[PDB]
Every structure is written in structure tokens, then in C-alpha cells.
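What follows is one chain in C-alpha cells, specifically the form deposited without indomethacin.
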């Protein structure tokens, strides 16, 4: 997990508004979150991986041990069971709640954190460059 550890600012968000409508997010939060560029910062302690998404809405902190499902409240106010494991340098995250489940697949392509947000026929592929 070493290549993840660093500060990362949003460079591109392809298909963001299509993913936000598939989940159920109203027009003012859907438009302000596309204008916002949030800073994802992955850190370490002793197996406790602290991923801090610093947005102009609510700052979400997730603390995770690689193969452990944890109950978490999101920035859109939702109880979600959150299972992230490492697949050869790839944090394959799955947040699941009452029929609806979104995958947050984070993959290093040429020093860039590619956050692939897939739900109901709308994949938002988000390029982040390293600011560390």
C-alpha cells in the first residue's frame, strides 16, 4: 500500500453528475460537488489506514485494516457497510446499503490515483495528480 500514501488533489471528474443522479442526489448538491475539487489524503499508523477526503461540503475520515467491513456515515448522510482490501496495489472498496451498493476502486496509473466510482449504469472515472 506504499504508492497510495500521500496528498492528492482532483484534476478531472468524467461523468460525475450521471453517477450522482443514479444514487439519488438533488440538483444544488449535485452541481456544487462537481464545481468542488476535494483533496484525498491517504495516511498510515499501524495497519490503520486514514483516508481523509477534504471537500467544501463535509470532510469524511475512513480508518481501515484491509479485509475488514466497518459501518460508516457518508457526506450525503447514509449508513454504509464499507469493505476495502488490497489487490496487488489496488484499494478495491465496496460501500453497501439496502439494495444500493457503490464501488470506489482506487488504482495507480503513471503516478495518478484513479478513483473509479461505479453504481447503476454510470461509471465516474476521477483522475488525481500527487501533491505531496
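Residue numbers count along the first chain shown, from 1.
Here the subject shifts to the form solved in complex with indomethacin, a form of this protein not shown in this document.
- By the 4.5 Å heavy atom rule, the three marked residues 25, 104 and 115 all count as contacting indomethacin in the entry with it bound.
- Interface residue remark: residue 92 is not counted as part of the site for indomethacin in the entry with it bound, having no heavy atom within 4.5 Å.
- At the 4.5 Å threshold, heavy atoms of residue 100 stay clear of indomethacin in the entry with it bound, well away from it.
- Residue contact check for residue 68: none of its heavy atoms lie within 4.5 Å of indomethacin in the entry with it bound.
- Taking the partner from elsewhere, residue 44 is found to have every heavy atom lying beyond 4.5 Å of indomethacin in the entry with it bound.
- Although indomethacin is not shown here, in the entry with it bound the stretch 61-76 places heavy atoms of 75, 76 within 4.5 Å of it, in sequence order.
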